[PDB]
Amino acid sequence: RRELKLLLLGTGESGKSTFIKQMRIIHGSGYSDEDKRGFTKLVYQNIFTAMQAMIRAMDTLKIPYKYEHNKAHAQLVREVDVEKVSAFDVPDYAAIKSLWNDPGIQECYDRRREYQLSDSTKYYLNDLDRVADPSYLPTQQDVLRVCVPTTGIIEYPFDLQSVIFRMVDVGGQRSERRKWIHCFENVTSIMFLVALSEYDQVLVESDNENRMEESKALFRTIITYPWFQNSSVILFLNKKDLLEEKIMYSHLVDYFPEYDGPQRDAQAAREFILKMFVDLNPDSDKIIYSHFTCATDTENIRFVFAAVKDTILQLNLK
């Protein structure tokens, strides 16, 4: 029992809990055929929430539904107790299906950068048939995609061959950052997640404040902490897949006018993103290890967390 503690820090929804999920899959408790059943209800809740979100965006943005009966459908969806949902109704299936395929909702969906909408919305609504089946088992990939806010501070210990890594999931939101104090003692390494896809969104916690400008801000502060001078700092530029979608119509240059590189390139964009973060470092002797990740892909993570194992060992063993 040689134990090393690791902090998963990052703003809201950078993909911290998803990482923990992937730990459990690669080196841990496993998600049994049964285990999976437990999530169903939340996948349902996610679906309803996302649609409830898009219906407000229709009001908010004054986007009209193409088919007028979709309003009374949206009315029905409006008024669902999302917690009391346990089964998936045929009327509610009809209502959502109908809405999702309304071109007004689709227009509203296109403009999700202008509002709060889970990144997993499309993944679920397109496989709504598969979900709505009365004998529905969620895949493991379904589970990773689920959006469940983390509140407070939770220790998730995993025994790798040589060592027991003690991982700590925290709340990404402003409200939770005052709590992070409670897990700062005795830290071998920070693992700071950043949603790459966040360069054009605004913050859930406040109106009209750029999400990436937040992360830079936070990263700098964390780095700056003196009780972290002997901790290894590993940066994860996450949601790289969502970046490959996003950069082909939302132009980084309009949010970060520094960017002298070309448009419509995932790579050249993200290399710039990385530079931005590395530059926030004051300490010249402190070297900042990084990675580009998609947290919802297990085969990808394994070549990172096998790699990051090797890094953290070499640092804080020999």
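So that there is no doubt, residue numbering starts at 1 and follows the sequence shown.
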query	finding
Mean Cα B-factor comparison, 72-80 or 218-226, giving the higher one as deposited	72-80
Comparing 149-157 with 199-207, the one whose average Cα B-factor in the PDB entry is higher	199-207
Assigned third (lowest, middle, highest) for the C-alpha B factor of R111	middle
Entry-reported Cα temperature factor of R302, expressed as the chain third it lands in	highest
Ranked against its chain, the third holding the CA B-factor of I96	lowest
CA B-factor ranking of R130, expressed as a third of its chain	middle
Relative C-alpha B-factor of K16, binned into the chain's lowest, middle or highest third	lowest
